[PDB]
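Asks: pasting the sequence and an experimental structure:
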Amino acid sequence: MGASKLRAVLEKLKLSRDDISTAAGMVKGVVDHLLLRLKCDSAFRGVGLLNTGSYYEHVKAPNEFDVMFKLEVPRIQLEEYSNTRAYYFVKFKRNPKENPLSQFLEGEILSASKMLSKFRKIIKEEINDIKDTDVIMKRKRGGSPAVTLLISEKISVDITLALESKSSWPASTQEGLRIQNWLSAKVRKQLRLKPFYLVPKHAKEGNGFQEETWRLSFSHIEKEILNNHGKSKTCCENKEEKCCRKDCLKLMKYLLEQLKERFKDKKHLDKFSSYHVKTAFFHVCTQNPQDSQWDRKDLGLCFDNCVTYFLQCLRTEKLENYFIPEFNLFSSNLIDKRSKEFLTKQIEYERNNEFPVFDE
Ligand SMILES: Nc1nc2c(ncn2[C@@H]2O[C@@H]3COP(=O)(O)O[C@@H]4[C@H](O)[C@@H](COP(=O)(O)O[C@@H]2[C@@H]3O)O[C@H]4n2cnc3c(N)ncnc32)c(=O)[nH]1
Ligand SMILES: [Zn+2]
């Protein structure tokens, strides 16, 4: 693929500051309004907007946003559920002292369902026109911890609750984050000396669910390594060190989004998220630690590489969580072979025909 073609697509993706600010004002207003009322309850007293920039993950739909609320939970003990390596139960260490979240305690185990119930409840109470904006709450999609709300029948904002743990990272993440040769073991060291988050998501057990398990979240680390991607510290700070990592990620994400949009009727792509793309991209970054391997004039090649790798995952049904190596994202239990074969077919067609889906 021509670097000028792909860079033409990326040039098109770049939107004006007005379209990204006009909405961000109202969204920021609603969020800042909710944050105040969240502190009225003793449970959500230690809550706070996790500084991620208050931006979205989509590229072109920018009408949607994504915010994440962190909540510090001191002295927590995780319990690995059914050896899923990624889902845990929350058991507080010392309970003779009064605990704010005791109302959600299902014994020794913290109930995620009641937590999200109270959270979504308070939010649903504040959404009853208290502001000057017209905001309505969307239905629960099922299993989804996010609480989406709609402003002016145009802007969608998903609110997610997290559990901040300043303790040491779980043992499942021991062999994770293989950035030693890429961003140095020093950066890995200092990064692993950061808190890890927890999101209320139930894992699959077959003909049922738990609704009381929590998944490991490392979105902040992803943002960090994303905004600081080069092996060189001055990467993308001068004309001689401009790379194309971010460009590749944007291209992959946009490809997946366009394919998911084109086949919205069918359900073959509904089990694929941009996170699989991001993960695959991180794996490629590990496989290509040198900035020279990411020259901006090689955008075509680099991108192709990513595509190839992604395809390989789909072809092998293997996509390890970048932080939890044993946790496979493309396992047969999660996503079926049919969907992955479909996506391989579509993507392969796109690559073989100069990506006509970009011009849609
Ligand atoms: N707005 C919003 N929606 C989410 C989020 N995480 C999941 N969802 C959606 O809620 C359902 C939960 O599905 P699973 O978590 O069990 O696995 C989902 C699902 O298989 C796919 C996401 O598909 P989506 O269309 O975006 O909808 C999901 C899904 O309907 O990737 C998985 N996934 C998404 N984010 C991650 C992630 N960060 N780590 C591991 N797996 C992830 C989220 O963080 N924000
Ligand atoms: Zn760079």
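Replies: Here it is on my side, so go on. Residues are numbered from 1 along each chain as shown. Ligands and ions are numbered 1, 2, ... in the order given.
Asks: contacts for whichever strand or helix holds residue 299?
Replies: Assessed by DSSP states H and E, residue 299 sits inside helix 299-316. For helix 299-316, contacts defined as CB atoms under 8 Å, 6 or more residues apart in numbering pick out 1-3, 6-7, 244, 247-248, 251-252, 255, 276-277, 280-281, 283-284, 287-288, 293-295, 319, 330, 340-341, 343-344, 347-348, 351. The way it works is simple: take the backbone N, C-alpha and C, and place the C-beta from them, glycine included.
Asks: find the closest residue to ligand 1 in the stretch 201-350 of the chain.
Replies: Closest to ligand 1 within the stretch 201-350 of the chain is residue 273: 3.4 Å, counting by CB to the nearest ligand atom.
Asks: distance of that residue relative to ligand 2?
Replies: 25 Å (CB to the ion, to the nearest Å).
Asks: neighbours around that residue, how many?
Replies: Using other CB atoms under 10 Å, residue 273 has 15 neighbouring residues.
Asks: same check, this time on residue 318
Replies: Residues near residue 318, counting by other CB under 10 Å: 12.
Asks: contact partners for it?
Replies: Residue 318 neighbours (CB under 8 Å, 6+ apart): 328, 330.
Asks: and what of residue 181?
Replies: Taking CB under 8 Å, 6+ apart, one finds 286, 289 in contact with residue 181.
Asks: against residue 285, how distant is it?
Replies: As defined by CB to CB, to the nearest Å, residue 181 lies at a distance of 11 Å from residue 285.
Asks: just residue 331 next, same as before
Replies: 23 Å.
Asks: ok, residue 200 next?
Replies: With distances taken as CB to CB, residue 200 is found 29 Å from residue 285.
Asks: I'd say residue 205 and residue 82 touch.
Replies: Yes. If you go by CB atoms under 8 Å, residue 205 and residue 82 touch, sitting 6.9 Å apart.
Asks: near ligand 2 too, which of the contacts of helix 299-316?
Replies: Applying CB under 5 Å from the ion, the subset of those adjacent to ligand 2 is empty.
Asks: can you count the residues close to residue 240?
Replies: Residue 240, neighbours per other CB under 10 Å, totals 6.
Asks: before we move on, what about residue 194?
Replies: 12.
Asks: how much space between it and ligand 2?
Replies: 22 Å.
Asks: ramachandran coordinates for that residue?
Replies: phi -120, psi 160 (degrees, to the nearest 10).
Asks: ok, now residue 105?
Replies: phi -60, psi 120.
Asks: please name the nearest non-neighbouring residue to it.
Replies: Spatial nearest neighbour of residue 105, excluding adjacent residues (CB to CB, 6 or more residues apart in numbering): residue 111 at 7.1 Å.
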